[PDB]
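See structure below.
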Amino acid sequence: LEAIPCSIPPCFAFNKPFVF
Amino acid sequence: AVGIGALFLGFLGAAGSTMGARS
């Protein structure tokens, strides 16, 4: 969660996209 | 920055970074 908020959509530490 | 919230959404703008690169 702080470490990585995603794993699946293209994320890089703090994107969780909105939107892309 | 804490992460999302301080960085309002963390907009992926527009290829791969905390909140967007010049890309």
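Residue numbering restarts at 1 for every chain of the structure tokens, chains are lettered A, B, ... in their displayed order, and ligands are numbered from 1 as they appear.
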
Using only C-alpha atoms, find each residue of chain B with at least one atom at most 9 Å away from an atom of chain A; report its shortest atom-to-atom pair and that distance in Å (one decimal), sort the rows by chain and rising residue number, and return the result as a Markdown table.
```
| residue | atom | partner | partner_atom | distance |
| --- | --- | --- | --- | --- |
| B:3 | CA | A:14 | CA | 5.8 |
| B:4 | CA | A:14 | CA | 6.0 |
| B:7 | CA | A:14 | CA | 8.5 |
| B:9 | CA | A:18 | CA | 6.7 |
| B:10 | CA | A:15 | CA | 4.5 |
| B:11 | CA | A:18 | CA | 5.7 |
| B:12 | CA | A:17 | CA | 5.2 |
| B:13 | CA | A:20 | CA | 8.2 |
| B:14 | CA | A:20 | CA | 7.7 |
| B:15 | CA | A:10 | CA | 8.7 |
| B:16 | CA | A:12 | CA | 6.1 |
| B:17 | CA | A:12 | CA | 5.6 |
| B:18 | CA | A:14 | CA | 4.7 |
| B:19 | CA | A:15 | CA | 5.6 |
| B:20 | CA | A:15 | CA | 7.7 |
```
